[PDB]
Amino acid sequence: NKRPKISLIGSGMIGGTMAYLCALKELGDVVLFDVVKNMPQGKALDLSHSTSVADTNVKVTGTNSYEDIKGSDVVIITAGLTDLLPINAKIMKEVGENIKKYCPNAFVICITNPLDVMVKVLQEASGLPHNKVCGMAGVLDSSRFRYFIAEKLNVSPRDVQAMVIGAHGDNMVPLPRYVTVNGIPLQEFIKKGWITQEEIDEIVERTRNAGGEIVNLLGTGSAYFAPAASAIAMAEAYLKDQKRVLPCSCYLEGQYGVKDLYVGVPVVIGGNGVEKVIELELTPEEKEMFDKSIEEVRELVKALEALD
């Protein structure tokens, strides 16, 4: 009888934040992996002490050896640099191989950028079902779209439904049309004077650039509280079979007119992985932005294939 095992491939800012979350939520034993010697082990000691304050029994361990990931139920990958593409492609290939050897039945959540591109390399090097490999981005872009909308309307973000599909990047595709307040079309709140069409346009673009906005303010580093919470919600939805509807980068085999690619779309995450891809009724205009956003992904996936 075994506790769920959650391995974080990469013990940087996002990685360590995800470990704290896993410990605060007693999701499972946490393994922080990193190539930098000692550092993960030091974060793990800090986190282990934090459990005494949370009155939990969570085992958190740091390591520099991939062998410690054997039997992981969930793996979340932030390892990489933020000529970056061939480097990260090399690392993700190495991560994918180690996963296939040590924990091939794991559910795998990629975060390393360019997200959608690196997701497919991971799957290819890993060989696991396309159903149990995915990338976090849409949940993050959605949480920002949701937050910005929620702030202007002055309602809880819980009651704001918003989504971002396509690729993680400046050409991500926020969908103002599908935004709702507890299922009420956002258009209704324009008519009632809660928000104007211009402010929605601005929030849509602010959602597109939100990462850069944080990066500019932080001065040194990118966002990580929300990136981490996003990947952990995906991990929570898998481990507790919550069947949550979330935008994630997932393998498509015809939906939205894409084949053999990981792209950001709404899915149902459950105990078996990405159990259902949801096919939105995009308008022509929305399909086009989606097709332009994933252009870069198609080409880079094809370029990196050529270079192996």
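Position 1 is the first residue in the sequence shown; the rest follow in order.
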Pick one of none, 1 to 3, 4 to 9 or 10 or more for the number of deposited-sequence residues not modelled between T82 and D83. 10 or more
Comparing 198-206 with 230-238, the one whose average Cα B-factor in the PDB entry is higher: 198-206
Looking only at CA atoms, which has the higher mean B factor in the entry: 180-188 or 123-131? 123-131
Out of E26, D55, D46, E253, which residue has the highest Cα temperature factor in the PDB record? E253
Deposited CA B-factor, highest of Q161, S143, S156, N105: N105
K276 by Cα B-factor - lowest, middle or highest third of the modelled chain: middle
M18: which third of its chain by C-alpha temperature factor? lowest
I87: CA B-factor among chain residues, third -> highest
Based on the entry's values, in what third of the chain does the Cα temperature factor of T51 lie: lowest, middle or highest? lowest
Quick check for you: using the entry's CA B-factors within this chain, is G42 in the lowest, middle or highest third? lowest
